[PDB]
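Trainee: Take this sequence and fold it.
(8 chains)
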Amino acid sequence: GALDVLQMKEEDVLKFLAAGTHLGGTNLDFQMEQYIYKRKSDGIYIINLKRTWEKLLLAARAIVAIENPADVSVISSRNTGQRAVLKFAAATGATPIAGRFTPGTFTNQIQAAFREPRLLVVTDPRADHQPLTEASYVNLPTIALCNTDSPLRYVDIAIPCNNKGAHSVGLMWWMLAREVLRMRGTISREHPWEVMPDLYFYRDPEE
Amino acid sequence: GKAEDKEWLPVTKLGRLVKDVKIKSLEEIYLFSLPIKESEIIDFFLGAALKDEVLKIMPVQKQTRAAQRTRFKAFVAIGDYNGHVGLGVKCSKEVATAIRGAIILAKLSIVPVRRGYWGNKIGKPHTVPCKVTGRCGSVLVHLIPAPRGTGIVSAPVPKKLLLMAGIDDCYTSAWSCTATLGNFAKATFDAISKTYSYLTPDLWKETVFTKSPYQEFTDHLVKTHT
Amino acid sequence: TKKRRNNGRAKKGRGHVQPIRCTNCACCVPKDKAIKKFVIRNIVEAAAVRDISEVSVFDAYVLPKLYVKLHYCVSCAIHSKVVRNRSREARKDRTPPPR
Amino acid sequence: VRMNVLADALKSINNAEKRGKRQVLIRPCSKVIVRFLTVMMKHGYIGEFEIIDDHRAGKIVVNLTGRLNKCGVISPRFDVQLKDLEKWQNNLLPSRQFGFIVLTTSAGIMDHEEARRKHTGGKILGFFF
Amino acid sequence: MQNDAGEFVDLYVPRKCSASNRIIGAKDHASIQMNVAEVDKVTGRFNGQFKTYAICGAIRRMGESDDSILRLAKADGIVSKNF
Amino acid sequence: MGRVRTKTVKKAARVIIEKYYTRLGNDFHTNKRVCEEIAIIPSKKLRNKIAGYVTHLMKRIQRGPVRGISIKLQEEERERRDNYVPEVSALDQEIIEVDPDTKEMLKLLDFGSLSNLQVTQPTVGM
Amino acid sequence: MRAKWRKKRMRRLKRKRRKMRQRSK
RNA sequence: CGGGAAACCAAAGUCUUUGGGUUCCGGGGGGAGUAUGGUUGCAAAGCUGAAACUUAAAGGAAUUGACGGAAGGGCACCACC
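Mentor: Residues are numbered from 1 along each chain as shown, chains lettered A, B, ... in the order given. I have put the structure below:
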């Protein structure tokens, strides 16, 4: 949005630059091309950082529009997102799934794990492909974190970022939790937040 | 025994709402294009007005080391003679279970049927709104508008589904292997089904949106429910 | 019904291709239908090398390689177990076996 | 070779409508194509359009609104008389309530409902619904 | 549908796709309705007001819904005609 | 020969360890007495086989996790790798270098001023 | 190769019938 | 994408919502590419080409079995060493 109260600050841009979020792959799909700045002299694509913040605020404006927070479902089958989705679901009251998704969880009405959500958020479209393709049987809207070579086939909001691993995946979930809590009125739009980004990251060498 | 209540308790969000609150018709379930998975929802809205028809019972079999092994397949059609019809199929080791299973699938498959006029717009509509068609296997089926009081010009299989749908007047045509009753029934139900999704000049004005039933009743599903 | 998209041959954009005679049976088949095998081996076996290195007159010598190129028809390649038949989806794999 | 230009123009629009595209480019342009497009636009089936001059017959860009089910051509330009026009609209149209045949007449290119008011026959060009 | 007395005779009037102007059928289970929060202009906070869109299942499975939702959000004020 | 244990043995041993981990140990003759008072087992010969696999599982649980079994003692130290680690008192700091085309991308976004810079190779690496 | 042999059988029968009739007149 | 009986095909698509131009050519299975006339050739033969009579199926794609003097794993003193 145009508003100064929604503008991206210097201190967020430095946190993007320090985590590698702007660095894509060596390949580009034709659906992702509008999110790209340029290709480097070494064959790597640069993701446009202002495009990310608009698509992330549009995603937060979808997540705030659900009146019961337990109706939102959150997923990661790769390890680099598992701590991050568990912390996101603690900060705001969504339902997490981590590890293997069981086929038929959304469509086998009798099943012990059966559930019926209103919104679905996924960490990587190529890896999390079962809950994406299974959402096509039940009228379920979708948000996803997309790299330059991600296949867009059932996602309705794609957020441009490096999703390969490490600090970049944890930072995106932390920043999405910050803005949903801000615009619902639970924390300040000006005072810094008490939760450090480093709480969401995956398994750097411990000692 | 005596037919008291609690023969049903819901297992879906839609079933929890239909049993309790002001979801007043199937048309506000069709408007949001939701899947129906509890058979008791359609007994709640249409009920004893629905009438039932066995089209064919068919034997099928597989070869084994010992003998040929046989199953019975039943085709069933259902409707209320005023704008609703459904078709269903099941295959079982015994005929009575095949018919009873086919009736449940024939209730879950029900769709709304569109009706219109051949001439000037006097009274209430009585024929298909425009020329339509459906396919299954090699079989092709086609329906054409007709002047008031002709009846249905068709073979037996398509005539029974058009009567249960509540259409008075219709001209019809077919092509390729109609002798396969299952593909002939599904090609007919495909033609009937397409009548409410053909864009026509009376549907050109802009759409106005509303909240869905899961959004209007978002607190009823939380405050006293599981 | 058609079994293979390439008809079991490499020919695309051509009329005629020259034949060759097989190394087992001398049957006659096209150069691009024939199954290829190029073999490189020592003249002396891995068991025998030690016995022939110690009787050598030289303080340093390296035993030579033998080079042979072989051609088979489909019947010889199947009977001599050079190729096996495969599952309907596995027939599409064009990558050679692992080492 | 290209034996007829109006058949290309309508086949090009018809393939673009089915893919859900919002614009289409027609080339070559002709006096017959501009008069046919105008009849669809006046009845509400397409948006407005723009012509490009290039010194070689020209090109047209057209805006699409999603309402069009089909448009098409009858290749031999058969003659029609007022007594036989009922047989053609019974063959080609989806209902008696909507859709139009397009004719060329000595009073101009026009809609088959206007040809009855003007009491005139002509040659068939195409249809839309 | 209306008759010569001017009264209406359809069972219901079906919805159309916001991106594409085609009717969404009673069994199109791949289709969706999207809902998005508005925020107040002084403090960037939810006031309970919202906007809605409906998308055809055929446009979703070819991968065009993300760009369609973006064009709709730029046509309304939400993305503010710059990017 | 064949000494493989059937699912009736393997499932009963897991359910015993989930409920009674604090009673159990490495001595087969003590495990054999515990399993007789916490459960109804129809045969002496089945009781001996269950206490045998329980004794095998205790010696595994002393080394690391077993995917089908859970205990408080192992969950609360997982909850200590969860939350925050002792590793560092501050983040990895934002003072990081920028490539000339990222400098140009930030210039168009009205930002920069805090990063060092250097150029890559003359032609694409092969 | 039965069809190729049925073709050869007909050709030799036709060669016999040719020589038999053209001798008569 | 869409099409098709399917195997499959970016054409083998834009078809009951059926019409861009134009050449050759099929009409249940056999008798039969046969008899007879013409025509070309040194010859072998090529081209053109019937009927009487006879018959309830002949054929295409795919599924589950059984079978192989097909391939790969494993087993048995009613098998062998």
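Trainee: would you list every one of the strands in chain B?
Mentor: B:51-63, B:68-79, B:84-92, B:111-112, B:132-136, B:139-144, B:152-153, B:170-175 (DSSP state E).
Trainee: May I see the buried residues of the last one?
Mentor: Residues B:170-172, B:174 are the ones in strand B:170-175 that count as buried (16 or more other CB atoms under 10 Å in any protein chain shown). Any C-beta I mention is one placed from the backbone N, CA and C, and that applies to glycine too.
Trainee: That strand near RNA strand H anywhere?
Mentor: Yes. Using CB under 7 Å from any atom of the strand, strand B:170-175 comes into contact with RNA strand H via B:173, B:175.
Trainee: So which elements touch that strand?
Mentor: strand B:139-144, strand B:152-153, helix B:156-165 (3 or more CB pairs under 8 Å, 6 or more residues apart in numbering or on different chains; DSSP states H and E).
Trainee: Find the centremost residue of the chain, please.
Mentor: No chain in the question, so chain A it is. Nearest to the mean C-alpha position of chain A, counting by CA atoms, centre = their mean, stands residue A:145 at 4.5 Å.
Trainee: Three-state assignment for that one, please.
Mentor: Following DSSP: H, G, I helix; E, B strand; the rest coil, residue A:145 is assigned to strand.
Trainee: what sits against it?
Mentor: A:122-124, A:159, A:161, A:163, A:169, A:172 (CB atoms under 8 Å, 6 or more residues apart in numbering or on different chains).
Trainee: could you pick out which of those residues are near chain D?
Mentor: Contacts with chain D are made by none of the contacts of residue A:145, judged by CB under 8 Å from any CB of the partner chain.
Trainee: Determine the three-state secondary structure at residue D:29.
Mentor: Of the three states, residue D:29 takes coil according to three-state DSSP.
Trainee: Find the nearest non-adjacent residue to it, please.
Mentor: Leaving aside its chain neighbours, residue D:29 sits nearest to residue D:58 (4.0 Å; criterion: CB to CB, 6 or more residues apart in numbering or on different chains).
Trainee: circling back: got the contacts of residue A:145 as TSV, with distance to chain E columns?
Mentor: TSV is the format used below for the contacts of residue A:145 (distance: CB to the nearest CB, whole Å):
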residue	distance to chain E
A:122	14
A:123	17
A:124	16
A:159	10
A:161	14
A:163	16
A:169	20
A:172	17
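Trainee: and the nearest residue to residue E:78 once chain neighbours are set aside, how far is that from residue A:201?
Mentor: Nearest non-adjacent residue to residue E:78, counting by CB to CB, 6+ apart: residue A:1, 6.5 Å away. Counting by CB to CB, to the nearest Å, the gap from residue A:1 to residue A:201 is 29 Å.
Trainee: quick one, which of the two is more surrounded?
Mentor: When residue A:1 and residue A:201 are compared on other CB atoms under 10 Å in any protein chain shown, the one with more neighbours turns out to be residue A:201, at 22 against 19.
Trainee: name the element the more buried one belongs to?
Mentor: Residue A:201 belongs to no helix or strand when assigned by DSSP states H and E.
Trainee: wouldn't it be in contact with residue A:167 here?
Mentor: Yes. Counting by CB atoms under 8 Å, residue A:167 is a contact partner of residue A:201 at 5.5 Å.
Trainee: thinking again about what came up before, for the strands of chain B, which one sits closest to residue F:20?
Mentor: Residue F:20 lies closest to strand B:84-92 among the strands of chain B, at 47.4 Å (CB to CB).
Trainee: Spatially, what comes nearest to residue E:25 if we skip its sequence neighbours?
Mentor: The spatially closest residue to residue E:25, leaving aside those adjacent along the chain, is residue B:197, at 4.2 Å (CB to CB, 6+ apart).
Trainee: Let me fix that, I meant to ask about residue A:42.
Mentor: Going by CB to CB, 6+ apart, residue A:42 has residue F:120 as its nearest residue, at 5.7 Å.
Trainee: about what we covered before: TSV for the helices and strands packed on strand B:170-175, including mean neighbour count?
Mentor: Supplementary listing: those in TSV, determined by neighbours: other CB atoms under 10 Å in any protein chain shown:
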stretch	mean neighbour count
strand B:139-144	21
strand B:152-153	16
helix B:156-165	20
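Trainee: My guess is residue F:20 contacts residue F:34. True?
Mentor: Yes. Contact criterion CB under 8 Å: residue F:20 and residue F:34 qualify, at 7.0 Å.
Trainee: Out of these two, name the residue with the larger neighbour count.
Mentor: More neighbours surround residue F:34 than the other of residue F:20 and residue F:34, with 17 against 14 (other CB under 10 Å).
Trainee: Relative to chain B, how far out is the residue nearest to that one when sequence neighbours are not counted?
Mentor: In space, and not counting its chain neighbours, residue F:34 is closest to residue F:23: 5.2 Å by CB to CB, 6+ apart. Per CB to the nearest CB, to the nearest Å, residue F:23 is found 36 Å from chain B.
Trainee: of the buried residues of strand B:170-175, closest to residue D:90?
Mentor: Nearest member of the buried residues of strand B:170-175 to residue D:90, counting by CB to CB, is residue B:171, at 11.8 Å.
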